[PDB]
Each structure stands twice: as C-alpha cells, then as structure tokens.
Amino acid sequence: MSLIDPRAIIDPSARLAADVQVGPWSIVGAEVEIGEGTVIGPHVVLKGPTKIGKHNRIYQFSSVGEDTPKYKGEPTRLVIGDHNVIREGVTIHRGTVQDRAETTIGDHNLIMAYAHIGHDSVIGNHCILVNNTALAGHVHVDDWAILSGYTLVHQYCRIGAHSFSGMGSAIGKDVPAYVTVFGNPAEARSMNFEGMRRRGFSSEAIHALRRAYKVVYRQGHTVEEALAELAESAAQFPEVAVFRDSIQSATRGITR
Amino acid sequence: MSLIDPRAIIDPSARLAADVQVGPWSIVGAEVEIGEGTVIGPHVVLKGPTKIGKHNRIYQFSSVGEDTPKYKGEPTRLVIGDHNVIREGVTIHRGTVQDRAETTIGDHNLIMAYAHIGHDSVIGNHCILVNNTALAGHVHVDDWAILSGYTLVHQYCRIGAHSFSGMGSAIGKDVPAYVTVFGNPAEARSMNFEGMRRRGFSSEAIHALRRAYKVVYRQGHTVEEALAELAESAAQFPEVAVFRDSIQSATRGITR
Amino acid sequence: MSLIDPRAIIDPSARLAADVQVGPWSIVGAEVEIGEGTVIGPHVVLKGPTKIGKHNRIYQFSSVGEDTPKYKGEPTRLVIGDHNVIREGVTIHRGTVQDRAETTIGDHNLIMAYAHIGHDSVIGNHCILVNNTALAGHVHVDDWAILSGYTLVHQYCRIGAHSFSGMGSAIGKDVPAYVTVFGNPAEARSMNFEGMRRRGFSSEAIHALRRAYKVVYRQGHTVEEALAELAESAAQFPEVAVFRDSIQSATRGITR
Ligand SMILES: CCc1ccccc1OCC(=O)N(CC(=O)NC)Cc1ccc(-n2cncn2)cc1
Ligand SMILES: CCc1ccccc1OCC(=O)N(CC(=O)NC)Cc1ccc(-n2cncn2)cc1
Ligand SMILES: CCc1ccccc1OCC(=O)N(CC(=O)NC)Cc1ccc(-n2cncn2)cc1
C-alpha cells in the first residue's frame, strides 16, 4: 500500500517526488534525485550524484549510478531522462562533471537485462540496448539506435542515429547513422531501410540515403572524397546531413 | 527453521506444495504454482501466471516469469517441468497462451548462470544451457542439446536433439539434430559422436548418422536432394529419422 | 551504524575478523572465513568452505564460493587473498582440496561485473578480469594479465603474465606471457608494450621481448625451434625467461 516500501532504505540526502514508488530491499543512496511517476523495483541499488527523471522504471538487481574508474573527490554525475525502462541487472556508471563528460541518458530508451553503460557514455532518445550490450566508456549512442543482444562497443565509439547492430557485434570503430553492422569484428552490411520506413521517411529521402551508402562504401572513394560528394545531397535532405555529419565526426574511422 | 522463510513475500494467490522451500527476500508473485520438493533460493523473483513442477532448484538473483515483450490483458504463461536447475541470475520470460506459444521448459534441464530464455521459447528434456546462453525468443531446443557458454540464438531458430554449440557461437539458422556448431557466425563442424556413445547408440546407428552428415554437408547436394537420399536410412534408423526430420522442419535454413 | 548490518545473516560456523563490514540482506554462509578490513556489500551470497583475506571489497548480487560441478562430500575450497575487488554479479566457484585443485585468487585483483571464475581456476596477483569475462574451469591466470570485457576462456587454458585479450576474445589455447590476443577464435597480434612501460621495464628488456615475439610468430619457426633460439635471450633477460617458460609449459599449444 505505502509507495515507499518500509523495507527499502532511503538516504536522508535523496530527493524524491511525492509519488515515487520504491520496492522492498532497494537502496536509494545519498545524492540520488528521483522524479514524478518513477517506479523503482525491489533489490535495486541506486548511488549518486544521480538524477533520474519522470516515469522511469528500474527493475531488480540493477546497480545505477556506480563509480567512474583525474583527482580524488572530483565531482561525477549520472543523469537519466524520462520514460526509460532499465531492466534487471543493468549496470550504469557515473561520469566526470568538470570536462563535460557526465554519463547521460535521454528519454524513451529501453536498456535490457544485464546491459552495461560505461562511464562518460551519452545515450540519446528512443534507443534500444538489448540484453548484455556493453558500452566500455565514452560511447555516444544517437537517437533510435538499436544494439542487438551482446553487442560490445569499444571506448570512444560513436553509434549513429537509426543505426543497428546484429547480435554479438564487436564494434571497434564508429557506426555511421542508419548503417547496419554485424560480426566480430563488426562490418558494415547495409542501411536500416526498415527503420526509415517505420519512422515515415519519404521515398525520396530513402533513395538519397541508398545512394549515400554507395558513395561511402561501394565506389572505392576515400572518406574525404565521399564527404565532398555528399555535400549537395546533405544540403537538400536533412536525413542525408545526419549521415554526412556522422562520417565527418568519426574519430576512430568508420566501420567497414 | 520454517520451510517458507518469514522474510520472503508470498502472494495469497500463489499455490505452493506443502514441502516447498523459499529462501529469505524472495518474491513469489500472484498466480505462481510451485510443485513438491522445489527449492527456491534467496533473492529470487517469481512472477506469474507460472507453473513450476517438482524437485526444481531456483538460485538467487533469478527473475522467472517476466512479462513477454497482440493486446493488453492477453493471458500469458510460463510452464517449467520437473528436476530442473536454474542457476543464479537466469531470466525467463512468459509467452502467449491463445496461440499455444507459452514459454515451456521440460524436465532434467540445467540452465546455468545469467542464461536468458526469451518469450515463447520451448526447451525439451536433459538440455544444458551454459552461462550467459541467450535465446532471443520463439527458440525451440530439443532434447539433450548442449549450448556452450555465451551461445546466442536468433529468434525462431530450432536447436536439434543432441546438438552442441561451442562457446560464444552466434546461431542464426537452424541447427540439425546431432550437429556440432562453432563460431560467430556459427558454422557446422561435425556430429556429436561423443554424446551418441554416452546415450548408448549402437555402432550401426552411429555409422548411419556419420554417412547422413556426409550426404547433407560434404557431397554438394541441395537440401531437397539430401532429404530424398536420407529417406531409406531414416525408415530403418529412428536416430537418422530425428536428423532427417530436423532438416525437414528447418524454416530458417540449416547451419553450414 | 553497526559493522554487521542487523539484516545480514551470519552462519554460526563463519569466522570473521572483528572489523569486517557486512551490508544488509547479505548471507555469510557456513564455513566462510573473512579477514580484517574486508567489506561485504548488500545482497551478497557467500558460501563455503571459503577463505576471504584482508581489505577485500565484494559488491552486491555476487555469488562467491558456489558449488563445483569424484564423490559426494569430497572437501572443496575457495581461497581469496588480500586487496581484491569483486564487482556486482560476479560468480566464483570452489575447487577440490584433495588434488591441490582449490579455486585460488591472489592479491590486488579486480574482477569486474558479471565475470565468472569456474572451478579449480587459479588467478595470481594484479590481474584484471573485465565485465563478463568467463573462465570455464581449471584456468590459470598469471600476474598482471588483463582480460577485456566478454573474454571467454576454454577449460585448462593458461593466460601468461602481463598478457592481454581484446574485448569478446574466445581463447581456446594458451596465451604466452606479454602476448596480445584478439577475436573469436583468438589470434596473437603483438606484445603488451604499454604494460611493460607501466612496470618500468628497461629499453633493452622491451627490445629483447619484441625480438622474442618475432622468433616465435614471424620467422616460420616451429615451437621446438623457437624455444631453442630463445634460450640465449632468456638467460640474459628474466622477462624473456618468463615468455619462454610460458611457451614451454603450454599444454594446449600456443595462441597464434
Ligand atoms: C540472442 C541475443 C538476444 C538476447 C535477448 C533478446 C534478443 C537477442 O538477440 C536478438 C535481438 O537483439 N533483436 C531481435 C529481437 O529479439 N527482436 C524482437 C533486436 C531487438 C530489437 C527490439 C527489441 N525490443 C523492442 N522492444 C522490446 N524489445 C528487442 C530486440
Ligand atoms: C567460457 C564460457 C563458459 C562459461 C562457463 C562454463 C563453461 C564455459 O564454456 C565451456 C562450456 O560451455 N563447456 C565446457 C565445460 O565447461 N565443460 C565442463 C560446455 C559444458 C558442458 C556441460 C556442463 N555441465 C555443467 N554441469 C553439468 N554439465 C558445463 C559446460
Ligand atoms: C565492451 C566490453 C567492456 C565492458 C566493460 C568495460 C570495458 C569493456 O571493454 C573494454 C575493455 O575491456 N578494456 C578497455 C577499457 O575499458 N579501458 C579503460 C580493458 C580494460 C582495462 C583496464 C580496466 N580497468 C583498470 N582499472 C579499472 N578498470 C578496464 C578495462
């Protein structure tokens, strides 16, 4: 009946909205802030400084807000947005504040059982990290990306918007927006046309993206050559600009 | 010491046989039925509608009977047989009743630490799912199959009786009965002759199965041509019929 | 306030040093011995016969000292040294005493989330097992080895001192000291020069080891031929002797 179970431990410094639910044997640690409509299951460990937004769901056996591995006492933070689902056994680490490297998760994400979000990672909105996906640290996952079960992501990799990885992919380089990748080591296969159609992209945009993939991957061009050729299409289609920008911001080279 | 620990939470609608043991801080949810001689460890989450048979053992940090990912309020079920061992951290999801697709586990299975059994999967008898094996959903695992640690199985795949996967195999196609598969992506290597000898298969049946593997994999035959060539041997040896039948029922093609 | 939380369960046969901390809902099982300065987190399961040394930290949802898979009642043990960190969800199994095959962990090790240490495994000092690394059983990990996230190790493998595995590596053979291995199946790539520099190895020692790698992997020599050509260098440099000794004691062959 009581929203906060009497068997839960709520640190005196934690700040909760009035309707937050916390299950039995859960720990809401010092410096944890939890927003309206959030439901914390039983057996959850929350550590701070962490901000959890509204209408989130965190399942049993999760450890959210764990320590970042420059100096002792350096402020760190984890920020989670709204309408996220964090399934059982998920581990999420905090990130450093002063260098703008906090760990941050946006809205409407689904982080499935035993997934791992390493320190300083940034997840956008509407992403899906399937069971046991592991982000080593400093990984950027843009909107609508889907990482299938047991995908591994090397530190500093960028996962483009609407990209997709096959199960067991081992990502060591950047994944451009819309690109589908598979295997260990991951290799580019195609584009996520299915995702584009579900998102309501025009047939013209999809056609421009199919041509864009060919320019980058099938016409023997260098990254510099491909970027120069994409400028025109990118200026005309915002979806092609999303693709072009992801190749431009690749620091680890692109997955091929 | 009381069989049902006073620190566990037992829903009034749960039905436990008189000798059932439940450890501290476990939750036995509504519509969970537990049979004679079953031992639930501490820190277990059981959710229903779920039926657990006799003489099972469920270890700590497991979540058994989690929600399946057509309509709101559709009755779903999980059925577990007898003499099974579900180790720490295992996750098992329920499945839909209406279409006869509930999640089902038979008898004498060993489901090792952090293994995942996705919605609508069906496991037979005497199977071994090693640490972190993950069945995406709608997977059928036939009797005596052994999936080595960290094996990944794509949705709708069928794992044949007495088959074997090496550690870290990523299975995207059906695995015929007796076949040994390895790697990411999985590739067929041989037959599990060691398993046949442990089961007491005759020298004649083993010989016929060795010839059958060659018909399918080493003589350039198409699946259709292979199935016709095995017809005679399958009528004479029930074990060859198991192999032929697994290739016949392969909807995603066979692992090569 | 109290060092042993009143919500923890301490078996009457367990032996703890006076200053041991045990968090809420943790179970310190029968025949568990815990040394000075060790901190057991909440939701931890410790099973014995197990010895845990001094200044260790064991995190939530870990199962340490679980049963090993000759006869019923054969004495089995797990021994952990000092200054180790065992992160969330780690599973560590005991090993047999009679044949001197107990599971042993030395000092200053870091065993990261969901790692698995199988029965009869031996971990030295200053090792790092990254998230979800799994040692099947009977694995020997020598000092300073680093196994990246999701590394899988086959039973009976030896991981040499200062060696390194890339994320998702599937190790089926021995890894010589200082060697870097990657992929599924694992392949030798180079030497851990970064590790050598962190240990303050001389310029001569770092150069003799680079020469040693070439003798074994780049000059078309057989193992017996390579061991002969290393004999002179091993006599002058103790670090080359460590490399030579790991190749000489390889029972499953060397990773190539
Ligand atoms: C074997 C590893 C594994 C383990 C567990 C699950 C799947 C696994 O591999 C398959 C996989 O990752 N996907 C395919 C699949 O299961 N589709 C349903 C991608 C995927 C896409 C979307 C979603 N969800 C969207 N809302 C809820 N879930 C789920 C998965
Ligand atoms: C590194 C991944 C990994 C992680 C954990 C364990 C093994 C792992 O890989 C090895 C593996 O999966 N097997 C080999 C092995 O450990 N044999 C003992 C298959 C196997 C066959 C049978 C059993 N049983 C256990 N109880 C009864 N049967 C266990 C394994
Ligand atoms: C995706 C799998 C994965 C999952 C989780 C983490 C990393 C993962 O892969 C990367 C990886 O395993 N390493 C690279 C890396 O993260 N370096 C910081 C090796 C490594 C080396 C040293 C240490 N630590 C030393 N002291 C404390 N930790 C950590 C990792």
Side-chain angles (χ1 to χ4, degrees), chain A residues 69 85 87 91 93 110 112-114 116-119 128-139 146-157 164-172, chain B residues 68-69 85 87 91 93 110 112-114 116-119 128-139 146-157 164-172, chain C residues 68-69 85 87 91 93 110 112-114 116-119 128-139 146-157 164-172:
Chain A
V85 172
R87 299 287 311 208
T91 56
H93 292 231
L110 170 53
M112 296 175 73
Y114 301 107
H116 170 78
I117 300 170
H119 64 279
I128 306 177
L129 274 63
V130 184
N131 294 50
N132 293 82
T133 289
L135 312 186
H138 306 274
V139 172
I146 293 165
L147 299 178
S148 296
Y150 290 74
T151 291
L152 305 180
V153 185
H154 189 278
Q155 278 202 296
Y156 299 99
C157 291
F164 169 89
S165 63
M167 70 181 187
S169 296
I171 302 170
Chain B
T68 168
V85 173
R87 299 287 314 208
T91 56
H93 291 238
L110 169 56
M112 300 174 62
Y114 303 104
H116 171 74
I117 301 169
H119 65 281
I128 304 181
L129 273 66
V130 184
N131 289 49
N132 290 84
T133 289
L135 309 186
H138 310 272
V139 174
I146 293 161
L147 298 182
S148 290
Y150 289 77
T151 289
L152 308 177
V153 187
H154 189 279
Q155 279 198 296
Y156 305 102
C157 284
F164 171 87
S165 67
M167 77 185 176
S169 297
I171 299 169
Chain C
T68 168
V85 172
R87 298 289 309 195
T91 55
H93 292 235
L110 171 53
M112 297 174 64
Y114 303 106
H116 170 74
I117 301 170
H119 65 280
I128 301 173
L129 275 59
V130 184
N131 295 48
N132 292 82
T133 289
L135 312 184
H138 308 269
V139 173
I146 294 177
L147 296 185
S148 290
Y150 288 77
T151 289
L152 306 177
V153 188
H154 191 277
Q155 279 199 294
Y156 304 104
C157 289
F164 175 85
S165 70
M167 68 179 184
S169 295
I171 302 171

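Ligands are counted one by one from 1 in listed order, and the atoms in each one are counted from 1 as well. First the proteins, then the strands, lettered A, B, ... as listed; each starts at 1.
Residues passing the side chain to side chain donor-acceptor pair (under 3.5 Å) test with C:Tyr114: none are found, sequence neighbours excluded. Residues satisfying the ring-ring contact (aromatic ring centres under 6.0 Å, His included) test with A:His154, not counting sequence neighbours, are none.
Of the listed options A:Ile171, C:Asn131, C:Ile146, C:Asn131 places a heavy atom closest to atom 4 (C) of ligand 3. Distances from atom 2 (C) of ligand 3 to the heavy atoms of C:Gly149, C:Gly166, C:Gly168 show the closest one on C:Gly149. Residue nearest to atom 6 (C) of ligand 2, selected from B:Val130, C:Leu135, C:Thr151: B:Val130 (by heavy-atom distance).
In this pair, A:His119 and A:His138 present their aromatic rings perpendicular. The plane angle is above 60°, beyond the 30 to 60° band. The aromatic rings of B:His93 and B:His116 stand perpendicular to each other, their planes meeting at an angle above 60°, with 30° marking the opposite boundary.
Ranking the protein heavy atoms by distance from atom 13 (N) of ligand 2 puts B:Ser148 OG, 4.0 Å first. Looking from atom 18 (C) of ligand 1 to the surrounding protein, the closest heavy atom is B:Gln155 OE1, 3.4 Å. Considering only non-hydrogen protein atoms, atom 24 (N) of ligand 3 sits nearest to C:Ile128 CD1, 4.2 Å. Atom 9 (O) of ligand 2 has C:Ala136 CB, 3.8 Å as its closest protein atom, hydrogens excluded (heavy atom only). Distance from atom 1 (C) of ligand 3 to its nearest protein heavy atom, with residue and atom name: A:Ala134 O, 3.6 Å.
Interface atoms of ligand 3 facing A:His116, defined by a heavy-atom separation under 4.0 Å, are 5 (C). The C:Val153 neighbourhood of ligand 2 comprises atoms 1 (C), with distances under 4.0 Å to a heavy atom of that residue.
The side chain of A:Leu110, and not its backbone, has at least one atom closer than 4.0 Å to an atom of ligand 1 (non-hydrogen atoms only; side chain from C-beta on). Under 4.0 angstrom from ligand 1, there are no non-hydrogen atoms of B:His154.
Summarising the geometry, atom CZ belonging to B:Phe164 is positioned 8.0 Å from atom OG1 belonging to B:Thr151; distances are rounded to the nearest 0.5 Å.
Of the listed residues (C:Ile171, C:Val139, C:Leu152), just one forms a side-chain contact (heavy atoms from CB on, under 4.5 Å) with C:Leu147, and that residue is C:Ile171. Tested against A:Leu129 for a side-chain contact (heavy atoms from CB on, under 4.5 Å), the candidates A:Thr133, A:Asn131, A:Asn132 yield a single pass: A:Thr133.
Within the 4.5 Å cutoff, side-chain heavy atoms of A:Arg87 are placed close to those of A:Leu110.
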